[PDB]
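*Asks:* Below is a structure I'd like to ask you about.
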Amino acid sequence: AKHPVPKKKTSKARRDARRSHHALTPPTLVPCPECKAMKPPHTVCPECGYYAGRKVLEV
Amino acid sequence: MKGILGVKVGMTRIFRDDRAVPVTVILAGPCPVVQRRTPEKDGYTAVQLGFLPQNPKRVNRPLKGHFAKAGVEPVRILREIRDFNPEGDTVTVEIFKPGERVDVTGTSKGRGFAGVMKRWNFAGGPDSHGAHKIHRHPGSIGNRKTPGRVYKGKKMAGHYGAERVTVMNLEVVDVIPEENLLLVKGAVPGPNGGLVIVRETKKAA
Amino acid sequence: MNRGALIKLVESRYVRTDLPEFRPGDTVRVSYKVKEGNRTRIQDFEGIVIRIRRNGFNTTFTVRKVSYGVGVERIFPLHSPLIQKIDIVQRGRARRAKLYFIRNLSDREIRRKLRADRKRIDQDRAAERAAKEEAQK
Amino acid sequence: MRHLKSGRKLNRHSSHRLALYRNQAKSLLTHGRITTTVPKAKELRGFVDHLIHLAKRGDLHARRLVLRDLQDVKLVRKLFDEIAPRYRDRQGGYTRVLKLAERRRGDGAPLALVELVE
Amino acid sequence: XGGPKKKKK
Amino acid sequence: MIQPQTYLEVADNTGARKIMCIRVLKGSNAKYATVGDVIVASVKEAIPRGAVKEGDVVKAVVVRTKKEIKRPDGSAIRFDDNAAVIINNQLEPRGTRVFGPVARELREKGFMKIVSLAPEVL
RNA sequence: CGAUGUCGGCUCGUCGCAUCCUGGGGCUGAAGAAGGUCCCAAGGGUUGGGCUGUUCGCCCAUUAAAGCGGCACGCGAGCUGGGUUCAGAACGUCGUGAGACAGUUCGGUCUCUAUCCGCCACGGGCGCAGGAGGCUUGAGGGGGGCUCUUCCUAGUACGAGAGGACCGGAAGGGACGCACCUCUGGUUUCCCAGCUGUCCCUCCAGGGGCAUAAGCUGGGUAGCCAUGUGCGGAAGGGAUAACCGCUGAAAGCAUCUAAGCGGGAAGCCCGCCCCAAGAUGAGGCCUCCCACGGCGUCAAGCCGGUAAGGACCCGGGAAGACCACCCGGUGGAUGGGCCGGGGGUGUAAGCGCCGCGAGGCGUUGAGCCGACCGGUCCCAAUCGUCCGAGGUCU
RNA sequence: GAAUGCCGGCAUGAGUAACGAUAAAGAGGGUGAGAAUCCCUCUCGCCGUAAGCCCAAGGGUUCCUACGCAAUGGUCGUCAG
RNA sequence: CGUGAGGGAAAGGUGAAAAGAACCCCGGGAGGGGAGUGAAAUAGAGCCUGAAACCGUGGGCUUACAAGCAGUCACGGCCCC
Ligand SMILES: [Mg+2]
Ligand SMILES: [Mg+2]
Ligand SMILES: [Mg+2]
Ligand SMILES: [Mg+2]
Ligand SMILES: [Mg+2]
Ligand SMILES: [Mg+2]
Ligand SMILES: [Mg+2]
Ligand SMILES: [Mg+2]
Ligand SMILES: [Mg+2]
Ligand SMILES: [Mg+2]
Ligand SMILES: [Mg+2]
Ligand SMILES: [Mg+2]
Ligand SMILES: [Mg+2]
Ligand SMILES: [Mg+2]
Ligand SMILES: [Mg+2]
Ligand SMILES: [Mg+2]
Ligand SMILES: [Mg+2]
Ligand SMILES: [Mg+2]
Ligand SMILES: [Mg+2]
Ligand SMILES: [Mg+2]
Ligand SMILES: [Mg+2]
Ligand SMILES: [Mg+2]
Ligand SMILES: [Mg+2]
Ligand SMILES: [Mg+2]
Ligand SMILES: [Mg+2]
Ligand SMILES: [Mg+2]
Ligand SMILES: [Mg+2]
Ligand SMILES: [Mg+2]
Ligand SMILES: [Mg+2]
Ligand SMILES: [Mg+2]
Ligand SMILES: [Mg+2]
Ligand SMILES: [Mg+2]
Ligand SMILES: [Mg+2]
Ligand SMILES: [Mg+2]
Ligand SMILES: [Mg+2]
Ligand SMILES: [Mg+2]
Ligand SMILES: [Mg+2]
Ligand SMILES: [Mg+2]
Ligand SMILES: [Mg+2]
Ligand SMILES: [Mg+2]
Ligand SMILES: [Mg+2]
Ligand SMILES: [Mg+2]
Ligand SMILES: [Mg+2]
Ligand SMILES: [Mg+2]
Ligand SMILES: [Mg+2]
Ligand SMILES: [Mg+2]
Ligand SMILES: [Mg+2]
Ligand SMILES: [Mg+2]
Ligand SMILES: [Mg+2]
Ligand SMILES: [Mg+2]
Ligand SMILES: [Mg+2]
Ligand SMILES: [Mg+2]
Ligand SMILES: [Mg+2]
Ligand SMILES: [Mg+2]
Ligand SMILES: [Zn+2]
């Protein structure tokens with residue numbers, strides 16, 4: 001409701017052209033050593049836990 | 001024209017003939033020439049120099065061990081010297097004697113996204129009186145309907161610093177070969193630790 | 001490379017070791033080399049030491065005297081070759097590092113605020129008499 | 001710029017930040033494991049490690065210093081008696097951070113584990 | 001709104 | 001460092017007690033005046049019946065300063081006041097005898113009679 | 001006129017030359033110095049104040065000089081709002097009056113969000129027809145370009161005297177520009193200490209919260225900085241401007257020109273610095289990886305696990321808005337802890353001794369101690385996953 | 001097909017500005033299909049001539065409690081006015 | 001909406017008949033997939049017919065050295081009859 005304001009409705013081709021980078025990237029995961037589940041690396045596997053400092057395992 | 005690579009160690013003041021300072025210690029360690037570019041093959045004249053050793057096999061396969069001097073390929077093989085063809089093997093540091101004038105090229109410290117008036121020394125606004133939110137702004141950036149655009153070099157804000165800077169005609173105060181040390185007169189760019197190269201000056205020689 | 005400072009510490013072979021230990025608050029006379037036209041005469045500056053900013057070599061300290069109704073401060077490199085010598089004239093109780101405050105009371109309040117450092121005084125002499133008793137052979 | 005500087009500004013002013021660190025330690029000295037976000041967890045190491053190394057040395061002065069950051073006269077007891085001797089032959093690193101795999105919903109915060117080591 | 005401001009500037 | 005608008009102390013017996021800097025004479029546009037530079041100044045306060053009266057646009061050399069001056073030997077020196085000696089267009093002091101210390105910078109710039117007359121050169 | 005905000009100031013500039021200075025030159029009623037005038041020349045530079053809303057101008061102190069104009073009397077989706085330019089009010093003046101005056105006076109709401117172009121920065125994609133890691137060439141751009149003073153020559157030339165050259169050489173400067181933190185000097189937000197009020201932990205002692213978003217004060221490493229430090233303008237090569245000539249006709253002589261040939265500017269081209277192969281005209285060099293297991297039995301390809309390698313992810317970084325960039329990722333010192341050294345505070349607590357007491361002294365430069373230089377696998381960079389050539393035609 | 005037309009519908013700017021005081025949060029344990037946001041405990045901060053109590057005006061079911069989350073809550077919501 | 005006088009909306013249609021979808025399955029629900037009712041289930045109840053702007057998914061052609069009142073006229077290639 002004030003100073004600078006869009007001159008011309010941005011066309012469909014141009015709106016969609018700026019969303020050419022709006023794409024999401026899939027989460028990056030790896031097989032879990034013990035259980036066969038998938039886990040984002042460097043995270044404590046919820047199911048199994050680390051060798052040493054406690055898993056706090058679902059057990 | 002003799003050149004060599006190095007790191008910036010640090011700065012200190014020195015005393016000679018009562019007058020004191022100032023110096024930037026830079027170790028210009030041994031550079032083993034890894035390649036020697038020639039007008040018959042490359043069409044110009046230079047020498048790849050290769051710097052700090054290390055690399056317990058982080059070296060890929062192109063490596064270029066080739067020239068039997070690749071004594072565990074260096075980290076910074078970066079940069080030749082151009083119109084330089086040394087003793088064929090290992091550019092020591094004794095190439096510069098004290099009294100000589102030199103040119104250090106380094107990479108300036110990076111200020112990141114910097115406003116005009118740091119980027120460019122602009123005057124900004126009044127700190128008071130009329131004020132209104134422009135205390136550090138660039139003022140006007142042009143004319144009106146003609147030319148009706150902004151010039152193609154207009155000094156504005158942006159990523160200032162973190163770039164190639166060469167300061168010339170630096171004096172060599174002393175060289176210490178036992179430790180591959182080289183000394184000059186302050187003006188040298190880059191942070192401590194940075195790669196810098198050192199040439200003899202374009203002033204003459 | 002891993003010695004970035006030990007490297008710097010190496011050029012600093014200009015280090016001086018003859019000069020006396022001293023800390024701010026105590027007054028010291030520093031014999032200084034001066035040119036004075038072509039020649040070279042040894043001028044003395046005698047005042048209260050008022051600040052020591054240490055940085056290894058290229059540490060500086062500053063001394064302060066009132067001369068001919070005007071205050072003067074001089075700033076010396078602790079390892080300046082020009083320092084002929086430097087010798088303490090009285091040991092004063094500091095109670096603070098940088099004591100710039102005395103710039104604003106150069107009078108009677110300047111003493112009694114910087115009183116005698118008995119403990120450091122009674123070393124300085126008794127600490128010498130033993131060094132006088134040694135090497136009399 | 002703000003180059004070679006150290007310590008996370010955690011979007012808190014000086015006294016709040018200090019309080020935060022100081023509270024988290026209390027919590028982490030009490031339960032021995034804590035869940036917080038990663039940067040909060042990456043900052044607790046230094047702080048809790050130093051208090052522990054202080055209980056190690058043992059002297060009454062060392063107590064009174066730790067007591068400045070912990071205020072609880074017990075718990076500091078627990079520190080000096082039960083917690084401390086467990087690390088006597090360990091020089092540093094009395095603490096561990098492990099990044100959890102689930103993120104806070106409607107916030108999005110990467111969480112992390114922080115527990116006393118051993 | 002309804003004005004009521006007079007045309008100043 | 002002295003610039004136009006700065007009160008200086010008068011360190012000679014020319015009569016004036018204080019001058020205010022009008023301009024610094026180094027180049028077309030020198031920002032500051034240090035020991036041994038020549039300044040132009042208005043007189044703002046005087047002693048009755050002396051050689052110079054209030055209002056007298058004079059020239060003078062700077063002899064002491066609050067900001068420290070650095071010696072190329074790595075030492076420095078600063079004084080509690082800013083002080084000048086009023087001089088004539090031959091750069092000679094229009095007064096006999098000068099009060100309080102002056103920097104050696106004075107000697108190096110050729111102001112021999114000042115440093116002689118001075119109680120102490122530091 | 002269903003709105004092109006109208007003076008001046010600030011800011012940021014850039015352009016023209018009919019140039020204020022600096023460079024070069026002709027004439028001079030040019031001895032010399034200093035001027036006068038005209039030609040060539042814009043590369044760069046062209047100060048700070050008092051007055052006034054002022055532009056302008058007058059003054060003060062300087063200077064190499066204090067240039068003039070264009071860009072909507074450049075620049076209000078950049079700022080200001082003194083002026084002008086609403087409503088209030090008053091003076092003088094005009095009108096019987098309400099009111100009026102480029103006459104005056106005091107006062108008087110300047111609008112957070114940039115879509116396209118343009119600009120300053122940074123990336124994502126594809127391309128460069130085999131895929132890689134590096135190191136490069138520089139087509140073509142940008143930056144920069146200023147000047148004073150003193151000395152030597154010599155106080156000779158010149159000049160009655162007074163003054164006082166050129167050419168050549170040297171040293172200091174003034175602004176400006178790039179970089180830097182050793183020194184000087186700043187900040188440093190919890191690094192240390194001192195202090196007040198108050199509430200609390202437990203009475204003492206000792207400490208903690210709050211008194212900004214530091215309670216106040218005294219200091220202060222790194223880092224970031226200018227006042228501080230170091231460099232820069234050039235040298236030099238080439239072609240010219242005005243201008244000065246050589247040889248030389250037409251026109252026997254003479255003429256710098258009509259054939260030629262030289263000299264000759266802070267200007268021009270190149271050298272100095274920075275960008276730069278999207279320079280689809282996609283460049284060069286060095287070193288890596290190589291056959292297709294199967295479909296299109298034909299043209300270009302397709303599905304596919306692999307190769308050199310490269311991402312993902314994680315520890316980080318004087319790199320940084322995100323991105324990028326860079327260094328690491330345990331056959332590892334990347335960060336965190338710990339230790340050692342710097343460095344800052346200024347001699348903690350506890351105990352003993354002296355004092356009725358506030359305190360003082362000793363244990364003691366103690367204790368505490370961010371960023372800096374290092375050491376040390378104590379904690380965390382575990383485990384892995386996914387991409388990626390198999391080369392058109394003469 | 002136009003009237004800065006009228007009513008309605010859906011776009012654009014845009015995943016942009018914003019989310020209403022800079023008094024401030026951390027953790028453990030519960031409950032739940034689902035918790036930064038609900039209950040509980042501990043620690044921290046803020047008001048205290050109030051940001052605490054009691055009336056008057058006005059408001060008119062907002063009070064208490066049980067069961068609930070489509071919407072109202074500038075997010076969430078097992079909570080709630 | 002407004003103190004008040006006064007101003008003043010929007011909003012109709014399953015099917016002939018609810019025969020309004022038992023039951024199973026995912027889900028906390030919502031809402032779907034089956035099963036079933038009906039001639040018709042894009043007649044399923046924010047229900048007849050379901051237009052356009054607008055927003056999606058899939059396929060064909062086309063596009064990263066290119067200058068644009070976006071069309072038109074020629075040739076050309078690819079795709080479908
Ligand atoms: Mg940076
Ligand atoms: Mg300012
Ligand atoms: Mg302001
Ligand atoms: Mg405008
Ligand atoms: Mg940082
Ligand atoms: Mg506070
Ligand atoms: Mg109009
Ligand atoms: Mg219009
Ligand atoms: Mg001209
Ligand atoms: Mg002339
Ligand atoms: Mg005034
Ligand atoms: Mg005025
Ligand atoms: Mg005008
Ligand atoms: Mg102009
Ligand atoms: Mg005009
Ligand atoms: Mg205008
Ligand atoms: Mg405006
Ligand atoms: Mg506009
Ligand atoms: Mg006004
Ligand atoms: Mg009348
Ligand atoms: Mg008017
Ligand atoms: Mg009028
Ligand atoms: Mg007023
Ligand atoms: Mg605005
Ligand atoms: Mg446009
Ligand atoms: Mg500093
Ligand atoms: Mg207190
Ligand atoms: Mg007490
Ligand atoms: Mg507060
Ligand atoms: Mg300080
Ligand atoms: Mg290429
Ligand atoms: Mg490390
Ligand atoms: Mg003690
Ligand atoms: Mg230490
Ligand atoms: Mg080791
Ligand atoms: Mg019509
Ligand atoms: Mg409209
Ligand atoms: Mg509408
Ligand atoms: Mg936007
Ligand atoms: Mg934004
Ligand atoms: Mg926002
Ligand atoms: Mg709020
Ligand atoms: Mg529930
Ligand atoms: Mg309070
Ligand atoms: Mg109700
Ligand atoms: Mg209730
Ligand atoms: Mg909600
Ligand atoms: Mg709300
Ligand atoms: Mg309930
Ligand atoms: Mg169903
Ligand atoms: Mg139907
Ligand atoms: Mg029908
Ligand atoms: Mg229908
Ligand atoms: Mg094409
Ligand atoms: Zn597992």
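We label chains A, B, ... in the order they appear in the structure tokens, count residues from 1 in each chain, and number ligands from 1 in the order shown.
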Please give me, as a PyMOL selection string, the residues lying within 10 Å of ligand 13 when counting only C-alpha atoms (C1' of nucleotides) and all ligand atoms.
*Replies:* chain G and resi 7-8+54-56+73
*Asks:* Could the residues in this selection be written to a file with N, CA, C and O atoms (P, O5', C5', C4', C3', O3' and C1' of nucleotides), as a PDB file, in the first residue's frame?
*Replies:*
```pdb
ATOM      1  P     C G   7      14.272  22.723  -8.401  1.00  0.00           P
ATOM      2  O5'   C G   7      14.655  23.969  -7.491  1.00  0.00           O
ATOM      3  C5'   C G   7      14.631  25.278  -8.034  1.00  0.00           C
ATOM      4  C4'   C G   7      15.278  26.275  -7.111  1.00  0.00           C
ATOM      5  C3'   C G   7      16.657  25.908  -6.588  1.00  0.00           C
ATOM      6  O3'   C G   7      17.686  26.213  -7.510  1.00  0.00           O
ATOM      7  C1'   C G   7      15.308  26.685  -4.805  1.00  0.00           C
ATOM      8  P     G G   8      19.045  25.356  -7.534  1.00  0.00           P
ATOM      9  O5'   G G   8      19.612  25.470  -6.051  1.00  0.00           O
ATOM     10  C5'   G G   8      20.426  26.569  -5.675  1.00  0.00           C
ATOM     11  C4'   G G   8      20.623  26.634  -4.182  1.00  0.00           C
ATOM     12  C3'   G G   8      21.481  25.546  -3.558  1.00  0.00           C
ATOM     13  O3'   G G   8      22.873  25.743  -3.728  1.00  0.00           O
ATOM     14  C1'   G G   8      19.533  25.811  -2.278  1.00  0.00           C
ATOM     15  P     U G  54      22.970  30.246   4.309  1.00  0.00           P
ATOM     16  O5'   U G  54      23.756  30.098   2.934  1.00  0.00           O
ATOM     17  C5'   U G  54      23.601  31.060   1.905  1.00  0.00           C
ATOM     18  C4'   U G  54      22.594  30.607   0.885  1.00  0.00           C
ATOM     19  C3'   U G  54      23.077  30.560  -0.554  1.00  0.00           C
ATOM     20  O3'   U G  54      23.802  29.377  -0.843  1.00  0.00           O
ATOM     21  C1'   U G  54      20.978  31.645  -0.456  1.00  0.00           C
ATOM     22  P     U G  55      25.306  29.452  -1.404  1.00  0.00           P
ATOM     23  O5'   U G  55      25.122  29.466  -2.984  1.00  0.00           O
ATOM     24  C5'   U G  55      24.604  28.332  -3.662  1.00  0.00           C
ATOM     25  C4'   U G  55      24.187  28.668  -5.070  1.00  0.00           C
ATOM     26  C3'   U G  55      25.178  29.492  -5.875  1.00  0.00           C
ATOM     27  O3'   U G  55      26.229  28.719  -6.421  1.00  0.00           O
ATOM     28  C1'   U G  55      23.029  30.427  -6.102  1.00  0.00           C
ATOM     29  P     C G  56      27.756  29.156  -6.176  1.00  0.00           P
ATOM     30  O5'   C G  56      27.771  30.717  -6.498  1.00  0.00           O
ATOM     31  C5'   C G  56      27.761  31.176  -7.842  1.00  0.00           C
ATOM     32  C4'   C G  56      27.404  32.639  -7.946  1.00  0.00           C
ATOM     33  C3'   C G  56      28.444  33.634  -7.462  1.00  0.00           C
ATOM     34  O3'   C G  56      29.510  33.836  -8.375  1.00  0.00           O
ATOM     35  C1'   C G  56      26.324  34.269  -6.654  1.00  0.00           C
ATOM     36  P     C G  73      16.311  20.828 -13.315  1.00  0.00           P
ATOM     37  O5'   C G  73      16.925  22.234 -13.745  1.00  0.00           O
ATOM     38  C5'   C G  73      17.957  22.312 -14.720  1.00  0.00           C
ATOM     39  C4'   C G  73      18.986  23.352 -14.351  1.00  0.00           C
ATOM     40  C3'   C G  73      19.490  23.287 -12.916  1.00  0.00           C
ATOM     41  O3'   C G  73      20.552  22.360 -12.765  1.00  0.00           O
ATOM     42  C1'   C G  73      18.885  25.519 -13.451  1.00  0.00           C
TER      43        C G  73
END
```
*Asks:* If you run DSSP on this backbone, which residues of chain C come out as helix (DSSP H, G or I), and could you give them as number ranges by chain?
*Replies:* C: 4-11, 100-104, 118-133
*Asks:* Just the selected residues (N, CA, C and O atoms), exported as an mmCIF file, in the first residue's frame, please.
*Replies:*
```cif
data_model
loop_
_atom_site.group_PDB
_atom_site.id
_atom_site.type_symbol
_atom_site.label_atom_id
_atom_site.label_comp_id
_atom_site.auth_asym_id
_atom_site.auth_seq_id
_atom_site.Cartn_x
_atom_site.Cartn_y
_atom_site.Cartn_z
ATOM 1 N N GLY C 4 55.155 -21.036 13.938
ATOM 2 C CA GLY C 4 54.961 -19.692 13.420
ATOM 3 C C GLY C 4 55.476 -18.567 14.296
ATOM 4 O O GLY C 4 55.829 -17.506 13.806
ATOM 5 N N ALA C 5 55.531 -18.804 15.599
ATOM 6 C CA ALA C 5 55.999 -17.792 16.532
ATOM 7 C C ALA C 5 57.427 -18.049 16.963
ATOM 8 O O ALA C 5 58.194 -17.116 17.189
ATOM 9 N N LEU C 6 57.777 -19.320 17.106
ATOM 10 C CA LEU C 6 59.141 -19.665 17.458
ATOM 11 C C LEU C 6 60.033 -19.142 16.338
ATOM 12 O O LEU C 6 61.155 -18.691 16.582
ATOM 13 N N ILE C 7 59.505 -19.171 15.114
ATOM 14 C CA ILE C 7 60.189 -18.532 13.994
ATOM 15 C C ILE C 7 60.401 -17.042 14.260
ATOM 16 O O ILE C 7 61.531 -16.574 14.248
ATOM 17 N N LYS C 8 59.320 -16.304 14.506
ATOM 18 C CA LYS C 8 59.424 -14.891 14.878
ATOM 19 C C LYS C 8 60.382 -14.688 16.045
ATOM 20 O O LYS C 8 61.203 -13.782 16.028
ATOM 21 N N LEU C 9 60.291 -15.542 17.058
ATOM 22 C CA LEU C 9 61.153 -15.407 18.231
ATOM 23 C C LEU C 9 62.641 -15.535 17.876
ATOM 24 O O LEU C 9 63.500 -15.075 18.632
ATOM 25 N N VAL C 10 62.926 -16.135 16.719
ATOM 26 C CA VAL C 10 64.297 -16.318 16.238
ATOM 27 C C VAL C 10 64.981 -15.037 15.722
ATOM 28 O O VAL C 10 66.134 -14.787 16.072
ATOM 29 N N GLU C 11 64.298 -14.228 14.912
ATOM 30 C CA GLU C 11 64.896 -12.973 14.437
ATOM 31 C C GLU C 11 65.207 -12.103 15.613
ATOM 32 O O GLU C 11 66.221 -11.418 15.635
ATOM 33 N N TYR C 100 47.812 5.637 34.498
ATOM 34 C CA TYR C 100 47.685 6.899 33.796
ATOM 35 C C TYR C 100 47.051 7.942 34.688
ATOM 36 O O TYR C 100 47.123 9.125 34.408
ATOM 37 N N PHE C 101 46.403 7.508 35.758
ATOM 38 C CA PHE C 101 45.632 8.429 36.572
ATOM 39 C C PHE C 101 46.470 9.569 37.134
ATOM 40 O O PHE C 101 45.983 10.682 37.288
ATOM 41 N N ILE C 102 47.739 9.312 37.398
ATOM 42 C CA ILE C 102 48.562 10.336 38.015
ATOM 43 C C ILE C 102 48.880 11.512 37.099
ATOM 44 O O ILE C 102 49.538 12.458 37.524
ATOM 45 N N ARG C 103 48.422 11.457 35.849
ATOM 46 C CA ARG C 103 48.617 12.571 34.935
ATOM 47 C C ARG C 103 47.797 13.751 35.421
ATOM 48 O O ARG C 103 48.105 14.896 35.112
ATOM 49 N N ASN C 104 46.752 13.457 36.191
ATOM 50 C CA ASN C 104 45.780 14.460 36.619
ATOM 51 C C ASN C 104 45.891 14.858 38.082
ATOM 52 O O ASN C 104 44.907 15.297 38.679
ATOM 53 N N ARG C 118 58.654 -0.717 50.326
ATOM 54 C CA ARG C 118 59.634 -1.240 51.260
ATOM 55 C C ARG C 118 60.111 -2.640 50.863
ATOM 56 O O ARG C 118 61.300 -2.837 50.635
ATOM 57 N N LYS C 119 59.184 -3.588 50.726
ATOM 58 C CA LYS C 119 59.541 -4.962 50.374
ATOM 59 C C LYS C 119 60.447 -5.081 49.153
ATOM 60 O O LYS C 119 61.443 -5.798 49.192
ATOM 61 N N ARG C 120 60.114 -4.391 48.072
ATOM 62 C CA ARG C 120 60.999 -4.408 46.911
ATOM 63 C C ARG C 120 62.242 -3.539 47.116
ATOM 64 O O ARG C 120 63.220 -3.700 46.403
ATOM 65 N N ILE C 121 62.209 -2.619 48.077
ATOM 66 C CA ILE C 121 63.384 -1.799 48.350
ATOM 67 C C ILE C 121 64.424 -2.597 49.125
ATOM 68 O O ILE C 121 65.620 -2.546 48.822
ATOM 69 N N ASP C 122 63.963 -3.346 50.118
ATOM 70 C CA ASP C 122 64.862 -4.045 51.023
ATOM 71 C C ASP C 122 65.462 -5.302 50.390
ATOM 72 O O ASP C 122 66.327 -5.955 50.972
ATOM 73 N N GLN C 123 64.997 -5.635 49.193
ATOM 74 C CA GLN C 123 65.656 -6.650 48.385
ATOM 75 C C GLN C 123 66.821 -5.976 47.688
ATOM 76 O O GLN C 123 67.974 -6.158 48.080
ATOM 77 N N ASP C 124 66.482 -5.168 46.678
ATOM 78 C CA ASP C 124 67.386 -4.318 45.878
ATOM 79 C C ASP C 124 68.750 -3.922 46.471
ATOM 80 O O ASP C 124 69.695 -3.654 45.724
ATOM 81 N N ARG C 125 68.843 -3.852 47.795
ATOM 82 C CA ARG C 125 70.115 -3.577 48.454
ATOM 83 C C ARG C 125 70.685 -4.832 49.107
ATOM 84 O O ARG C 125 71.818 -5.230 48.826
ATOM 85 N N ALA C 126 69.898 -5.451 49.979
ATOM 86 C CA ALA C 126 70.302 -6.691 50.623
ATOM 87 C C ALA C 126 70.493 -7.775 49.574
ATOM 88 O O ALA C 126 71.248 -8.723 49.781
ATOM 89 N N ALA C 127 69.807 -7.628 48.446
ATOM 90 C CA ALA C 127 69.958 -8.563 47.335
ATOM 91 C C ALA C 127 71.249 -8.301 46.564
ATOM 92 O O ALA C 127 71.655 -9.105 45.722
ATOM 93 N N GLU C 128 71.890 -7.172 46.851
ATOM 94 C CA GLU C 128 73.130 -6.799 46.178
ATOM 95 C C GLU C 128 74.335 -7.072 47.061
ATOM 96 O O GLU C 128 75.393 -7.473 46.575
ATOM 97 N N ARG C 129 74.169 -6.842 48.360
ATOM 98 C CA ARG C 129 75.254 -7.035 49.313
ATOM 99 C C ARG C 129 75.755 -8.471 49.312
ATOM 100 O O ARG C 129 76.944 -8.721 49.504
ATOM 101 N N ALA C 130 74.844 -9.412 49.090
ATOM 102 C CA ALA C 130 75.230 -10.810 48.956
ATOM 103 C C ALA C 130 76.034 -11.001 47.670
ATOM 104 O O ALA C 130 76.957 -11.818 47.622
ATOM 105 N N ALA C 131 75.688 -10.233 46.639
ATOM 106 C CA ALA C 131 76.389 -10.284 45.355
ATOM 107 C C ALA C 131 77.692 -9.503 45.443
ATOM 108 O O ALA C 131 78.558 -9.599 44.571
ATOM 109 N N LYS C 132 77.813 -8.719 46.505
ATOM 110 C CA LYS C 132 79.038 -8.002 46.791
ATOM 111 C C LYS C 132 79.958 -8.899 47.609
ATOM 112 O O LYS C 132 81.181 -8.831 47.480
ATOM 113 N N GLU C 133 79.361 -9.743 48.449
ATOM 114 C CA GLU C 133 80.122 -10.685 49.268
ATOM 115 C C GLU C 133 80.637 -11.857 48.439
ATOM 116 O O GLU C 133 81.660 -12.457 48.764
#
```
*Asks:* Which residues, written as a CSV table (one decimal) with N, CA and C atoms, in the first residue's frame, have at least one atom at most 12 Å from residue D:86, with only C-alpha atoms (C1' of nucleotides) counted and residues fewer than 5 positions away on the same chain left out?
*Replies:*
```csv
chain,number,residue,atom,x,y,z
D,52,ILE,N,34.6,-29.5,35.7
D,52,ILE,CA,35.0,-30.8,36.2
D,52,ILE,C,36.5,-30.9,36.5
D,53,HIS,N,37.3,-30.4,35.6
D,53,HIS,CA,38.7,-30.3,35.8
D,53,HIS,C,39.1,-29.6,37.1
D,55,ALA,N,37.1,-29.7,39.8
D,55,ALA,CA,36.7,-30.6,40.9
D,55,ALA,C,37.8,-31.7,41.1
D,56,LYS,N,38.5,-32.0,39.9
D,56,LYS,CA,39.6,-32.9,39.9
D,56,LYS,C,40.6,-32.5,40.9
D,78,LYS,N,28.3,-33.6,45.0
D,78,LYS,CA,28.2,-34.8,44.1
D,78,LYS,C,29.4,-34.7,43.0
D,79,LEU,N,29.6,-33.5,42.5
D,79,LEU,CA,30.7,-33.3,41.6
D,79,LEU,C,32.1,-33.7,42.2
D,80,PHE,N,32.3,-33.2,43.4
D,80,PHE,CA,33.6,-33.3,44.0
D,80,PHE,C,33.9,-34.7,44.6
D,81,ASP,N,32.8,-35.4,44.9
D,81,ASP,CA,32.9,-36.7,45.5
D,81,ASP,C,32.7,-37.8,44.6
D,91,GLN,N,43.0,-37.1,31.1
D,91,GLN,CA,43.3,-35.7,31.0
D,91,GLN,C,42.5,-35.0,29.9
D,94,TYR,N,36.0,-34.7,29.3
D,94,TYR,CA,35.1,-35.4,30.3
D,94,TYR,C,33.7,-35.4,29.8
D,116,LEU,N,27.9,-37.1,30.3
D,116,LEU,CA,29.2,-37.2,30.9
D,116,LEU,C,29.9,-38.4,30.3
D,117,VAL,N,31.1,-38.3,30.0
D,117,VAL,CA,31.8,-39.4,29.4
D,117,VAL,C,32.1,-40.5,30.4
D,118,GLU,N,32.5,-41.7,29.9
D,118,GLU,CA,32.7,-42.9,30.6
D,118,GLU,C,31.6,-43.9,30.2
```
*Asks:* Fewer than 2 positions away in the same chain doesn't count, so skip those; otherwise give me all residues within 8 Å of residue D:44, counting only C-alpha atoms (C1' of nucleotides), as a PyMOL selection string.
*Replies:* chain D and resi 21+24-25+40-42+46-48
*Asks:* Could you please write out, as a PyMOL selection string, every residue of chain D that DSSP assigns to strand (DSSP E)?
*Replies:* chain D and resi 33-37+95-103+110-116
*Asks:* Can you work out which residues from chain F touch chain C at a cut-off of 9 Å (counting only C-alpha atoms) and hand them back as a list in words?
*Replies:*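 Taking only C-alpha atoms into account, residues 68, 70, 73, 74, 75, 76, 77, 78, 79, 80, 81, 99, 100, 101, 104, 107, 108, 119, 120 and 122 of chain F sit within 9 Å of chain C.
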